[PDB]
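Some notes on the structure that comes next.
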Amino acid sequence: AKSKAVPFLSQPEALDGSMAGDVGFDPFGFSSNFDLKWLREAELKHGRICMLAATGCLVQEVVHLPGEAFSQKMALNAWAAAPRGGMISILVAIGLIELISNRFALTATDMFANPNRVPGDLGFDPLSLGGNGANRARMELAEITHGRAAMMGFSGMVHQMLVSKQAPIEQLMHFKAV
Amino acid sequence: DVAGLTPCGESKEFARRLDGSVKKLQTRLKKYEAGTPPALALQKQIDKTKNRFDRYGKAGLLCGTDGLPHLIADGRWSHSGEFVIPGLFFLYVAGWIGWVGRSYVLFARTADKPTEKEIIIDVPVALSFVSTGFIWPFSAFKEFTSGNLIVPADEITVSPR
Amino acid sequence: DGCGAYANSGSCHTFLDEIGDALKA
Amino acid sequence: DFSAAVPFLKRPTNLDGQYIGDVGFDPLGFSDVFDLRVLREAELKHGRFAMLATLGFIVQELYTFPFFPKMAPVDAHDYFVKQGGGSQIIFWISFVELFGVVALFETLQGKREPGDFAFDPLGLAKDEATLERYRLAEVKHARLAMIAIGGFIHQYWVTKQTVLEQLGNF
Amino acid sequence: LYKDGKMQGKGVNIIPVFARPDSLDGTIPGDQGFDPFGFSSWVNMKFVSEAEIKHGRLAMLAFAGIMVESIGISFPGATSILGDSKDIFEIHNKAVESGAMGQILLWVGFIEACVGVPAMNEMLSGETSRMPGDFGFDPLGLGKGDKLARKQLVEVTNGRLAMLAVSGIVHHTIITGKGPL
Amino acid sequence: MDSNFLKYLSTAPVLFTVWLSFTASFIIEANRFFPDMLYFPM
Ligand code: CLA
Ligand code: CLA
Ligand code: CLA
Ligand SMILES: CC1=C(C#C\C(C)=C/C=C/C(C)=C/C=C/C=C(C)/C=C/C=C(\C)C#CC2=C(C)C[C@@H](O)CC2(C)C)C(C)(C)C[C@H](O)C1
Ligand SMILES: CC1=C(C#C/C(C)=C/C=C/C(C)=C/C=C/C=C(C)/C=C/C=C(C)/C=C/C2=C(C)CCCC2(C)C)C(C)(C)C[C@H](O)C1
Ligand SMILES: CC1=C(C#C/C(C)=C/C=C/C(C)=C/C=C/C=C(C)/C=C/C=C(C)/C=C/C2=C(C)CCCC2(C)C)C(C)(C)C[C@H](O)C1
């Protein structure tokens, strides 16, 4: 009857170990006030964006496109130095991807209107790597763990870049205490 | 330039306004010792005044003979950021507010006691609604074209003519 | 930058070197 | 009938001995108006802070980390206000205290004991009787350290000497 | 031998000031009734058993390497690049700068990622019934029927003794400035 | 948290005051960090 992650708190209702990464961790009662499907879809989206974002924050320092506008090792400098029409194109393309991938059901009243729509299941499997039944739960656990780790890592990387004015790897190689 | 106005970065009366404001703050600065918190506050005000006048002078704003920026709102694209783009920002936010309020009213009509929903807000449902408002023009237009926004005239109460 | 993880003498002061110098003071 | 500790005072009616360390001591009648679960949670939190504080005065003046300058702990509060470590400690205590708010709400619903944070990673209380005995020991040390930390801080304020040097002379 | 009730199993406690917990099953080799902090009640026993075995075998190889490198025995040509001294810490840093320990790290990490992670995962998930520390490695053929113990028990005891020995030797080298022997 | 206290917190005057203070704090902090925005910069 007690939460496994937080043993001095009672087990949150609507958390019953069914979803991947469920360790009964909801001390603030978000799942008692909001639906778990929207929360899982949001968690997967924040985590996937942070997976791409942490991988970018490490890789863009080491590898660049040719040109002066793509030569910033620090990612917050690359936000400003990159061509503006390209980044606006990125914004518009992300908007179109969000529009079509959710099949015109984008909001808190119409996404999951179809009963077949599963949280975080946009239908995305380009190489069909999910063709294995007993692999599925371990795959979803690995995806959500990578997403949570990526959220914490990218949050830290951005704010440490703000503190140090250094790209992450070269901050680790040229470290200066505050 | 437009309507006989001159750009603010070359208007001498804009410079006179800036000089008068800086002098008015500096004569207050003269009565305080350097390093005192009133002196630092007054110098920060001087810096903010200088930065504001510089930014207004480098923005393509037009100044009249009074020496103050004059906005152009006839639709020309060289001054679209003075009324048209703030107008689009307002219209987006206002349509958001109207759409989410209408959605909450229509939800509250379905409740057991609608008036209790009006005075005691269902906060999770209201937060869901205020999340829905980012796509309000397309949602409102689809609501309109499906016959779900406008109600016919024979279903609205009217007074005797 | 052509230096190592730890025990660098020059223009390369890593996080491990910062930990070590913090411990040895 | 009467209090076990103070024989000429009547036993407070809400002090029936359900909480370990009860000797019927409440002459001001705080338990007659206020919830005893909240009071016991406050007692244990204040006491655990004071126990850590007294141990910190002993060790933190016996030893000091090499990456920090040496100073007295009372002056260390004022130094770490400006250095930024005190902001970090306040932030992390506040972060844990949010889940402390949740734990207090669980206590008020009767689903949690007023001091139980389920924190026993070394398994030191095996059976029940050990847990009551360690509860009495914890409550007594909490009250004792609550007195002792105020002793440490006020005596440093008057003598400008730490505890261990004050022991050596006068 | 396996000596259940004398050297291992239920009822054996080498340090009787801490009573043997009820959580210990006695099946695991090296079970001599020492868990004062009660970790066996909540940890996964296969994982911590394999971790004890890996720490022990690493410490055995570490003790043998530390002693053979601190006495002075070296491979041919190995003194030149790695320094003609006997200090293990400077030997680590010299072999790092040479690249020798980078190669050791690469190959040990390749082995650990390629078969060590799948062995641990399949042992824990319950897909092979593989025992902790069992990597099926007996080229010379020394345990077939004596495998129950007098091979397992001596392995874990020597592992633990090597762990303590390497820890002691390292910190003694730090405080004294001179390698062992 | 008590459901009756949450229901009181969900009343129209409390939520009105909190939402308008939250909006005012957005306008105040935006004008603190980006002051004197007479125009949209283009
Ligand atoms: C959160 C994701 C994210 C964001 C916002 C950025 C942003 C930026 N990157 Mg970057 N990048 C990322 C991830 C990201 N990166 C990752 C994961 C890699 C490794 C492959 C790179 C590798 C990279 C290089 C090599 C360079 C940049 C550069 C840049 C800057 C210019 C844009 C450009 O040329 O992109 C280039 C983008 C790529 C080469 C790969 C982007 C692929 C992303 C992750 C999209 C894939 C998912 C997509 C949405 C499909 C999913 C749809 C489905 C969910 C329905 C800009 C600041 C340039 C720069 O300024 O240098 C510092 C540059 O030279 N990026
Ligand atoms: C759900 C919100 C809502 C919506 C969509 C409308 C829609 C409309 N109103 Mg109305 N109105 C509302 C609330 C609303 N009203 C309230 C609360 C009042 C009392 C102050 C009025 C008083 C009012 C008058 C006096 C007039 C209108 C008029 C109009 C029409 C033109 C738009 C306008 O003038 O807006 C302007 C609206 C206002 C100045 C008042 C709005 C007050 C707040 C900002 C809106 C309420 C937000 C609400 C708290 C959201 C909660 C949702 C949340 C729980 C999820 C249009 C039919 C006009 C009309 O007839 O035009 C044809 C008109 O003359 N309204
Ligand atoms: C005290 C030493 C010792 C003992 C008794 C065992 C015992 C065992 N190991 Mg094991 N192991 C050890 C050390 C030891 N191990 C170390 C250090 C490693 C890391 C390389 C391994 C890696 C390992 C694997 C990967 C596997 C085993 C397996 C086994 C089991 C069957 C094989 C067998 O009987 O080998 C025992 C036979 C010997 C130890 C032969 C004696 C050779 C001597 C000791 C060489 C000494 C060299 C040198 C003189 C050292 C001193 C130098 C120094 C003074 C400077 C058995 C339980 C297998 C198993 O089924 O696990 C349960 C298996 O898969 N072991
Ligand atoms: C779905 C699948 C698709 C796939 C796909 C995609 C491309 C898969 C890629 C997933 C990738 C992007 C995983 C990214 C992980 C990054 C996370 C774990 C970590 C950050 C590390 C943290 C801890 C940190 C940091 C730290 C910070 C804080 C402080 C610093 O001082 C130090 C440090 C830097 C260490 C494909 C296209 C193949 C098709 C297929 O049919 C279906
Ligand atoms: C839970 C969980 C997981 C996990 C996890 C993880 C990794 C969780 C969290 C990890 C960490 C490291 C959290 C906190 C990081 C640091 C902070 C907030 C520092 C702030 C510092 C500041 C503001 C400093 C300010 C400053 C100060 C004071 C003074 C100087 C100036 C300045 C520097 C600006 C997984 C992934 C394993 C999965 C599992 O299934 C579930
Ligand atoms: C402001 C400031 C700070 C500070 C500070 C602090 C923390 C100051 C002081 C704190 C406290 C807690 C003071 C009092 C402690 C305990 C007392 C008086 C107990 C008396 C017990 C008695 C009489 C028992 C009597 C009894 C007996 C004998 C037995 C029977 C029962 C009873 C009758 C009850 C810093 C340094 C932290 C920060 C900053 O830089 C400046």
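Start at 1 and go down the list; that is how both ligands and their atoms are numbered. Here is how names work: the chains are called A, B, and so on, in the same order as the sequence lines, proteins then strands, and each is numbered from 1. The basis for the numbers below is simple: all heavy atoms, side chains too, and nothing from hydrogens, waters or symmetry mates.
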Tell me which protein heavy atom sits closest to [atom], plus the residue, atom name and distance to 0.1 Å.
{"atom": "atom 35 (C) of ligand 5", "answer": "A/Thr145 CG2, 4.9 Å"}
{"atom": "atom 25 (C) of ligand 1", "answer": "A/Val63 O, 3.3 Å"}
{"atom": "atom 5 (C) of ligand 2", "answer": "B/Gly98 O, 3.6 Å"}
{"atom": "atom 2 (C) of ligand 2", "answer": "B/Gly101 CA, 4.5 Å"}
{"atom": "atom 49 (C) of ligand 1", "answer": "A/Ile97 CD1, 4.5 Å"}
{"atom": "atom 45 (C) of ligand 2", "answer": "B/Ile97 CG2, 4.9 Å"}
{"atom": "atom 30 (C) of ligand 5", "answer": "A/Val178 CG1, 3.9 Å"}
{"atom": "atom 13 (C) of ligand 1", "answer": "A/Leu52 O, 3.4 Å"}
{"atom": "atom 58 (C) of ligand 1", "answer": "A/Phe70 CD2, 3.6 Å"}
{"atom": "atom 23 (C) of ligand 5", "answer": "D/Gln88 NE2, 4.4 Å"}
{"atom": "atom 5 (C) of ligand 5", "answer": "A/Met152 CG, 4.4 Å"}
{"atom": "atom 36 (C) of ligand 5", "answer": "A/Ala149 N, 3.9 Å"}
{"atom": "atom 34 (C) of ligand 5", "answer": "A/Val163 CG2, 4.3 Å"}
{"atom": "atom 8 (C) of ligand 1", "answer": "A/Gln60 OE1, 3.2 Å"}

Subject >> Option set D/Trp92, D/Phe91, D/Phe95, criterion heavy-atom distance to atom 15 (C) of ligand 5, minimum >> reply: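 Of the listed residues, D/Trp92 has the closest heavy atom.
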
Show which atoms of ligand 1 fall inside a sub-4.0 Å distance from at least one heavy-atom site of [X].
{"X": "A/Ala53", "result": "1 (C)"}
{"X": "A/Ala82", "result": "31 (C)"}
{"X": "A/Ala78", "result": "57 (C), 60 (O), 62 (C)"}
{"X": "A/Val59", "result": "19 (C)"}
{"X": "A/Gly56", "result": "11 (N), 12 (C), 13 (C), 16 (C), 17 (C)"}

Please check [atom] for a protein heavy-atom neighbour under 4.0 Å.
{"atom": "atom 37 (C) of ligand 1", "answer": "no"}
{"atom": "atom 43 (C) of ligand 1", "answer": "no"}
{"atom": "atom 32 (C) of ligand 5", "answer": "no"}
{"atom": "atom 23 (C) of ligand 1", "answer": "yes"}
{"atom": "atom 47 (C) of ligand 1", "answer": "yes"}
{"atom": "atom 62 (C) of ligand 1", "answer": "yes"}
{"atom": "atom 51 (C) of ligand 1", "answer": "no"}
{"atom": "atom 2 (C) of ligand 5", "answer": "no"}
{"atom": "atom 39 (C) of ligand 5", "answer": "no"}
{"atom": "atom 25 (C) of ligand 5", "answer": "no"}
{"atom": "atom 11 (N) of ligand 1", "answer": "yes"}
{"atom": "atom 54 (C) of ligand 1", "answer": "no"}
{"atom": "atom 11 (C) of ligand 5", "answer": "no"}

**OP:** Give the C-alpha distance, both sets of side-chain angles, the deciding distance and a yes or no for ring-ring contact (aromatic ring centres under 6.0 Å, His included) between A/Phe8 and D/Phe99.
**Re:** CA-CA 10 Å; A/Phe8 57 91; D/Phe99 315 112; 8.0 Å; no

Original post:
For F/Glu29, does the CD atom have more than 12 heavy-atom neighbours from other residues, nucleotides or ligands under 6.0 Å away?
Top reply: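 Enclosed.
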
Subject >> More than 12 heavy atoms from other groups under 6.0 Å of CG on B/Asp112 >> reply: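 No, CG of B/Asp112 has 12 or fewer neighbouring heavy atoms, counting only those of other groups under 6.0 Å.
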
Original post:
Is there any N or O on A/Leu65 that sits under 3.5 Å from an N or O of ligand 1?
Top reply: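 By distance alone, the answer is yes.
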
Original post:
Quick check: does A/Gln72 get an N/O under 3.5 Å from an N/O on ligand 1?
Top reply: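 Among all N and O atoms of A/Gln72, none is under 3.5 Å from an N or O of ligand 1.
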
Original post:
Are the charged groups of B/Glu116 and F/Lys7 less than 4.0 angstrom apart, N to O?
Top reply: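 Here B/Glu116 pairs with F/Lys7 in a salt bridge, since their nearest N and O are under 4.0 Å apart.
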
Residues [X] and [Y]: side-chain donor-acceptor under 3.5 angstrom:
{"X": "A/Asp16", "Y": "A/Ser18", "answer": "no"}
{"X": "A/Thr107", "Y": "A/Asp110", "answer": "yes"}
{"X": "C/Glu18", "Y": "C/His13", "answer": "yes"}

Original post:
Heavy atom of D/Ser87 under 4.0 Å from ligand 5?
Top reply: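 Distance cut 4.0 Å: D/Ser87 passes for ligand 5.
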
Original post:
Counting from 1, what ligand 5 atoms have a heavy atom of D/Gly84 closer than 4.0 Å?
Top reply: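 Going through ligand 5 atom by atom, the ones under 4.0 Å from D/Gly84 are 28 (C).
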
Subject >> Pair D/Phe117 + D/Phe119: ring centers closer than 6.0 Å >> reply: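 Not under 6.0 Å, so no.
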
**OP:** Would you check if the distance from the ring center of B/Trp96 to the ring center of B/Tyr92 is below 6.0 Å?
**Re:**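 That pair passes the under 6.0 Å test.
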
Subject >> From CA spacing to verdict: ring-ring contact (aromatic ring centres under 6.0 Å, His included), A/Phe104, B/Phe138 >> reply: CA-CA 10 Å; A/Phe104 290 174; B/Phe138 297 93; 9.2 Å; no

Original post:
Short question: side chain of A/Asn114, backbone of A/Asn116 - any donor-acceptor pair under 3.5 Å?
Top reply: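 Looks like yes, one N/O pair under 3.5 Å.
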
